[PDB]
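Chains as they are written, first to last, in PDB author numbering: chain RJ, 42 to 237; chain 5H, 561 to 609; chain SZ, 4 to 105; chain SK, 12 to 182; chain SF, 13 to 241; chain 3F, 58 to 77, 102 to 166, 184 to 375, 394 to 570.
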Amino acid sequence: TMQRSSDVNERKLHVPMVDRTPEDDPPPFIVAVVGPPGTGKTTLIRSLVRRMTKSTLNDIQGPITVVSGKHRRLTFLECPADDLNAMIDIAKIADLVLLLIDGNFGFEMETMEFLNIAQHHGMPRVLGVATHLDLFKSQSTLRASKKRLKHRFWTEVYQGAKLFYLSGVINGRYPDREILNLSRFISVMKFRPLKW
Amino acid sequence: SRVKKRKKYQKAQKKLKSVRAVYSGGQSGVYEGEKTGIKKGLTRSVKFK
Amino acid sequence: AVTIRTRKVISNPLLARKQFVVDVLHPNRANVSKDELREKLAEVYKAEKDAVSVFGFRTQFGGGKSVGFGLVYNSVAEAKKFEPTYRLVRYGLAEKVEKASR
Amino acid sequence: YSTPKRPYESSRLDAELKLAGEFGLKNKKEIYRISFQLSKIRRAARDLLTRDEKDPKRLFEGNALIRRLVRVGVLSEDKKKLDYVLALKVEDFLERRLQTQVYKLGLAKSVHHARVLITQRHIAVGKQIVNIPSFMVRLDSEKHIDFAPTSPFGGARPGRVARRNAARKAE
Amino acid sequence: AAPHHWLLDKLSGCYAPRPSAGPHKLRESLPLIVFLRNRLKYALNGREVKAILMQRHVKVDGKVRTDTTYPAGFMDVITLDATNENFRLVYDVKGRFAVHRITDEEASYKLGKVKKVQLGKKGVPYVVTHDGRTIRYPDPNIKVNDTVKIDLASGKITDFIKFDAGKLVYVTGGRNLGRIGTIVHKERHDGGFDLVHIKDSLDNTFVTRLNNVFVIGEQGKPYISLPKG
Amino acid sequence: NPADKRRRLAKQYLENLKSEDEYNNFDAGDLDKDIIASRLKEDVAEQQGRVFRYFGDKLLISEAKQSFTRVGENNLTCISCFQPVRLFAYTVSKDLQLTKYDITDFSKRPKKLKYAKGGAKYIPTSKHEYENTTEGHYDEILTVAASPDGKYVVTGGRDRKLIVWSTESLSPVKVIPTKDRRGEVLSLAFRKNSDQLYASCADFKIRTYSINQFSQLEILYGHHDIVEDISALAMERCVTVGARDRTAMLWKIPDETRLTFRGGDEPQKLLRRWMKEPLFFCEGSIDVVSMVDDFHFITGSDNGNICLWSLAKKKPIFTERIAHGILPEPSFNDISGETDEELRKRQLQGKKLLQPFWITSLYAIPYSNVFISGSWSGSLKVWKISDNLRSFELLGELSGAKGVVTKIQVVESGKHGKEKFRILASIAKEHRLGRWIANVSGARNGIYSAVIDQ
RNA sequence: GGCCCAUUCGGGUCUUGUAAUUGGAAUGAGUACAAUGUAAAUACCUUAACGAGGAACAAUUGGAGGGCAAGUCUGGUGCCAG
Ligand SMILES: Nc1nc2c(ncn2[C@@H]2O[C@H](COP(=O)(O)OP(=O)(O)OP(=O)(O)O)[C@@H](O)[C@H]2O)c(=O)[nH]1
Ligand SMILES: [Mg+2]
């Protein structure tokens with residue numbers, strides 16, 4: 042087990058860089074919800090802020106900063122889905138990315154373009170969120186496309202990123218069980234410092 | 561994986577006709593002749609010791 | 004054309020009932036077609052179509068045969084008494100839903 | 012199954028080449044599986060020879076082993092001796108599979124035609140359609156390998172290609 | 013989770029039915045659910061055996077006693093009204109509950125081993141049995157381990173079988189549980205291994221206790237009918 | 058001694074398995114199952130009926146009224162009869195004709211009623227194996243079977259069809275093909291007092307049908323040559339025999355399981371058994405059956421054996437080696453082609469090429485004590501089975517049937533102690549499957565009826 | 001013309017090839033009627049309809065060796081060597 046201990050203790054070592062993020066009052070972590078036009082986003086930002094702050098925030102606009110932890114607060118904003126320019130800007134400044142994927146349609150070039158722009162400008166943390174799981178009667182094809190989306194997402198982010206599965210929308214927004222443990226995934230993310 | 565071994569066995573048993581002389585099944589029709597030549601100088605037989 | 008075979012027919016006077024095992028035979032058909040099977044069972048035995056019932060269907064591999072469990076009643080009222088409520092929901096007339104809470 | 016001792020010597024490679032080509036096998040795992048359990052069989056029969064005559068183990072397990080080997084069909088009815096179990100080998104075992112047997116009975120034109128007939132379900136031993144090619148038919152199921160009655164090579168209704176061509180030629 | 017006496021197949025379930033309290037003990041009885049449902053199979057599940065218990069077909073010991081876990085112990089004559097089912101259940105030779113079918117003149121009574129005779133209160137002689145039928149006034153010569161015959165319409169003792177050397181005895185208990193033949197030997201010790209010993213096909217010998225044995229008749233004439241093979 | 062050690066160790070083994102008559106002998110599970118047996122219904126079809134008609138020596142034999150009604154049909158093949166609880187009979191030929199008879203006029207020859215003749219008109223216009231739904235026979239009808247209730251006769255042959263005809267008009271009500279290329283039917287038997295037919299088809303297959311529902315019940319597989327004969331009684335068991343695999347199987351048809359019975363007579367041990375002090397030998401092909409009762413049956417072989425088999429013994433209980441004689445050897449003017457009788461006698465090799473007659477028809481009267489065997493020896497034989505059911509014995513012969521006997525069965529008359537039967541036997545000059553038969557010695561294509569009495 | 005052997009010269013052998021055309025059969029993944037199963041639903045089992053030519057309905061991984069330019073670089077006893 043000594044060779045295992047050496048080969049595992051080796052991959053703790055990384056390039057020692059500075060942090061430059063304070064520990065007393067850190068800024069609210071910028072969460073960017075990124076999707077092609079027609080999936081999640083609004084409904085998703087509304088559901089997350091309703092679970093987080095007990096406040097029905099109908100008709101969102103702009104960045105939305107809420108407190109979601111004892112010391113972690115975070116800022117919600119949404120890219121306009123047609124603009125590559127706003128896509129590029131929030132790729133360059135976002136810290137967490139909720140990557141909306143229409144799981145019925147599949148992968149799409151807007152989320153692929155965001156993934157490549159982020160990968161070249163300093164890849165932030167990415168949690169993929171696959172919606173539209175109303176495929177057919179076939180729970181078999183639900184599971185098949187589930188696995189295929191997870192593997193294709195794993196080739197674009199590190200192998201072992203989190204793809205999250207949202208069920209159908211019920212009464213204007215998502216199921217609060219799913220949004221509860223989605224916020225449980227957002228609450229532990231352990232951000233690492235970028236360079237730019 | 562199956563068609564590859566079907567077509568590398570057909571290649572192998574076409575190469576086997578080159579090294580040995582393969583029993584093809586006997587005389588087909590009328591004995592036409594040797595069809596390829598008769599060498600009177602070559603003896604392809606294994607001598608002892 | 005489906006084919007029917009009853010085997011091991013016993014009588015239960017305590018439950019006012021006659022029960023047996025049902026070899027159902029459908030060469031080049033899909034399966035048992037349970038309502039049509041209750042029709043065929045109710046005409047091979049006496050009338051009592053809302054008092055004949057089958058529940059335990061297992062088709063063997065490759066089709067053709069299926070073994071079920073057949074029980075036929077006299078007196079449709081006492082059949083309604085003695086049969087369970089889920090089979091009554093499946094076949095007959097009863098429908099009471101459970102209160103959906105917690 | 013289990014891999015052999017020296018898996019890459021040239022005699023073994025030409026061996027597997029001849030076996031896979033002569034029996035239409037897909038990879039090495041067919042040979043290795045059937046040879047692994049044949050190794051268990053004749054490794055047992057070796058010990059049954061190393062014990063003596065009138066040993067209870069030898070008498071009962073020997074006639075048991077040769078009778079169930081005869082009923083699998085790799086051993087003929089007259090050789091009821093225990094040294095023929097040692098003379099047994101791997102192609103005596105994979106001549107018994109259904110692909111080999113369909114081709115030898117002549118329902119197919121080659122072992123590859125036999126493999127695709129079996130995997131397209133045109134072949135039924137007895138009552139059930141068998142659909143895997145490595146089936147190890149027995150000496151009683153040897154003569155009921157025939158075309159399935161659910162199949163156009165039996166007597167059934169012709170398939171989608173034939174009926175679509177018939178419909179388009181009727182148009 | 014089952015005993016050995018019930019003849020219970022293992023492919024049945026997980027929870028075994030504990031009998032409720034009643035006449036006999038837990039360890040020497042079978043309830044009605046394990047009787048009717050999975051032994052002679054008048055039911056298929058607990059719901060319909062409760063259904064026929066609510067219909068009240070059972071007439072064990074001449075009373076109805078509608079209960080699922082009612083502990084029918086030794087020779088309680090189970091009576092079922094439809095198809096005049098009269099069942100006296102005794103022990104077989106390998107420990108189970110062999111339920112013999114009898115007729116009406118035999119199910120009109122039962123018998124019971126007397127346990128103790130008491131001068132309880134107000135000058136009343138007194139007798140108990142394995143179902144606890146406290147019936148009034150037997151003769152003074154009722155020793156322990158004799159056999160009363162209950163009336164089963166009223167409760168009175170009708171006949172009496174005296175326990176002595178040369179009586180046909182039934183053994184329910186210990187490693188002799190369920191044997192018949194009652195004569196090779198008599199040996200009353202002073203506190204244990206005390207009994208009358210029982211023959212076999214080759215007239216072998218056996219040891220038991222007094223309380224684990226009780227008389228059913230005479231050498232050739234028991235008025236109980238017994239099953240055979 | 059190794060087989061002695063095998064027997065000894067097997068005996069010790071069974072003793073140890075027993076290890077792992103008293104006055105009380107009752108077992109709880111047995112008596113509980115007997116209570117369920119008292120509870121159940123249908124003690125009707127499943128009688129394990131033993132031999133309850135012990136009358137073999139009783140009736141007369143030697144003075145039967147034998148009428149050989151010759152008919153003008155080449156090579157009659159089968160015979161089907163009927164009795165309710184007027185009697186009709188049925189014959190069928192290689193000339194593609196079914197013929198209905200009345201037989202109930204017992205003291206005289208049968209009476210022709212109705213033809214039904216297929217021919218070249220009924221060849222299907224497809225040559226395709228599942229549109230074989232024509233209304234007549236175009237090739238070689240091999241077997242007829244009358245219903246036990248008498249609504250239908252059902253027949254079939256080498257055109258791989260089952261045509262079920264009505265009785266009152268001889269009309270084809272329904273056609274059921276056997277859906278494959280080799281599916282020629284060779285034997286048909288209804289189970290008694292029923293509407294269920296058991297056909298034995300040359301695909302090593304046994305098909306079963308319900309005739310009044312026009313449905314097929316179950317196909318059951320397992321012989322190794324063509325299933326040359328079939329037999330059934332009131333039970334849902336059946337007994338088939340395939341030809342050259344030398345085994346007879348009996349089928350629990352609901353369970354779809356079987357009991358096999360192989361032959362196994364060897365001239366080495368048989369000639370040694372005679373050598374302890394002889395022209396008898398091994399076996400060719402088990403050919404015909406009839407289930408005598410629900411525990412025994414009898415098989416007719418290709419070397420003239422008649423064998424009696426139980427339900428509880430693999431090897432047969434009783435044999436009878438030569439049952440119709442050995443054939444007349446080919447003449448010296450038709451063996452050799454030399455001039456002198458010495459060389460033409462040397463071309464007979466003595467006794468080495470004398471072949472026995474093969475029993476081509478066997479009929480056990482159901483549950484009775486007597487069965488009838490027939491071949492082309494010219495004389496039917498009647499045998500009775502002894503009352504201990506471990507042997508049979510030749511009673512007498514019925515010598516008015518010149519030709520091959522392609523079918524035997526009997527027709528009953530008279531009450532419980534006084535009885536008379538007419539034995540029908542289809543007589544041809546050619547075996548019912550192929551030709552193969554030379555030296556046609558005065559044969560005629562007829563119906564040999566005999567009236568036996570007392 | 002392909003193939004095989006061999007350090008060399010050479011030797012041994014034989015129906016073998018081709019992004020050549022072409023033909024009708026087969027069905028399986030998939031898409032799906034159902035019924036069965038089951039408290040109910042899933043799944044197994046049974047199963048009509050559609051479903052192949054780049055059968056594109058588009059399996060990988062690793063290895064061995066070339067060949068090319070009005071191209072580029074280095075060396076130096078022309079046109080070469082690398
Ligand atoms: N069936 C289904 N519909 C959904 C789901 N999520 C969102 N929608 C629908 O998506 C519709 C489009 O509005 P939004 O989802 O807010 O659109 P968006 O994702 O913000 O994208 P933009 O239109 O570009 O702003 C809504 O009216 C929802 O009904 C889901 O999981 N299932
Ligand atoms: Mg939006």
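We put the beta carbon where it would ideally sit given N, CA and C, even for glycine.
Asked, Found
"8 Å contact criterion, which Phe-411 (chain 3F) and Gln-129 (chain 3F) should meet: CB distance rounded", "7 Å"
"Proximity test, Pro-216 (chain RJ) beta-carbon vs ligand 4 heavy atom, cut-off 6 Å", "As presented, the structure is devoid of ligand 4, carrying ligand 1 and ligand 2 as its sole ligands."
"CB contact below 7 Å: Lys-122 (chain 3F) versus chain SZ", "yes"
"Pocket of ligand 1 defined by Cβ to heavy atom distance under 6 Å", "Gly-76 (chain RJ), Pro-78 (chain RJ), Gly-79 (chain RJ), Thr-80 (chain RJ), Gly-81 (chain RJ), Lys-82 (chain RJ), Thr-83 (chain RJ), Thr-84 (chain RJ), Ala-122 (chain RJ), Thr-172 (chain RJ), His-173 (chain RJ), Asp-175 (chain RJ), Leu-207 (chain RJ), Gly-209 (chain RJ) and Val-210 (chain RJ)"
"7 Å Cβ cutoff met for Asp-143 (chain RJ) and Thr-80 (chain RJ)", "yes"
"Whole-angstrom distance between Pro-163 (chain SK) and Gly-170 (chain SK), CA atom to CA atom", "7 Å"
"Distance between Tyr-483 (chain 3F) and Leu-331 (chain 3F) (C-alpha atoms, nearest Å)", "9 Å"
"Rounded Cβ spacing between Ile-501 (chain 3F) and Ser-489 (chain 3F) (contact assumed at less than 8 Å)", "At roughly 12 Å, the Cβ-Cβ gap does not stay under 8 Å, so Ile-501 (chain 3F) and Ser-489 (chain 3F) are not in contact."
"Under 8 Å (Cβ pairs) to chain SZ, residues found in the stretch 49–64 of chain SF", "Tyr-54, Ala-55, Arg-59, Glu-60, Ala-63 and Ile-64"
"Where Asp-143 (chain RJ) sits in the DSSP three-state scheme", "strand"
"Coarse secondary structure for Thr-14 (chain SK), derived from DSSP in three states", "coil"
"As assigned by DSSP and simplified to three states, the class of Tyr-76 (chain SZ)", "strand"
"Own chain residues within Cβ distance below 8 Å of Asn-96 (chain SF), not counting five before or after", "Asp-116"
"Start-to-end residues for the alpha helix (DSSP H) that takes in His-17 (chain SF)", "Per DSSP, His-17 (chain SF) belongs to no alpha helix (DSSP H) and is neither H nor E."
"Same chain only: Cβ atoms within 6 Å of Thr-83 (chain RJ), ignoring 5 sequence neighbours per side", "none"
"CB contact below 7 Å: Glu-103 (chain 3F) versus chain SF", "yes"
"Where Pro-67 (chain SK) falls, given that 16 or more other Cβ within 10 Å makes a residue buried", "exposed"
"Chain 3F within 7 Å of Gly-137 (chain SK), Cβ atoms only", "yes"
"Proximal chain 3F residues relative to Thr-6 (chain SZ), where beta-carbon distance stays under 7 Å", "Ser-308, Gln-311, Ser-313 and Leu-315"
"Test: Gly-65 (chain SZ) CB closer than 7 Å to a CB of chain SK", "yes"
"Rounded C-alpha distance that separates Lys-53 (chain SF) from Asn-230 (chain 3F)", "51 Å"
"Contact the stretch 44–63 of chain SK vs the stretch 88–103 of chain SK: 3+ CB pairs below 8 Å", "yes"
"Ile-317 (chain 3F) beta carbon less than 7 Å from that of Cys-336 (chain 3F)", "no"
"CB of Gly-167 (chain SF) within 7 Å of CB of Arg-200 (chain SF), strictly", "no"
"Exposure label - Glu-399 (chain 3F); buried when at least 16 CB within 10 Å", "buried"
"Collapsed DSSP secondary structure at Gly-400 (chain 3F) in the structure displayed", "coil"
"Range of the contiguous beta strand (DSSP E) that encloses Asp-327 (chain 3F)", "325–329"
"Test: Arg-344 (chain 3F) CB closer than 7 Å to a CB of chain SK", "no"
"Members of the stretch 150–170 of chain SK that neighbour chain 3F once the beta carbon cut-off is set at 8 Å", "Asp-151, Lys-154, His-155, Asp-157, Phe-158, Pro-160, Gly-165, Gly-166, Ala-167 and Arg-168"
"Reference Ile-438 (chain 3F); option with closest CA among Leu-424 (chain 3F), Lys-430 (chain 3F), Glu-454 (chain 3F) and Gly-420 (chain 3F)", "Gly-420 (chain 3F)"
"Three-way DSSP call (helix, strand, coil) for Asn-98 (chain SF) in this model", "strand"
"Residue-chain proximity (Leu-40 (chain SZ), chain 3F), Cβ-Cβ < 7 Å", "no"
"Exposure label - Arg-61 (chain SZ); buried when at least 16 CB within 10 Å", "exposed"
"Near-chain SZ residues of the stretch 79–102 of chain SF (beta-carbon distance less than 8 Å), N- to C-terminal order", "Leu-92, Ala-94 and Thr-95"
"Pairwise C-alpha distance: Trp-499 (chain 3F) and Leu-71 (chain 3F)", "41 Å"
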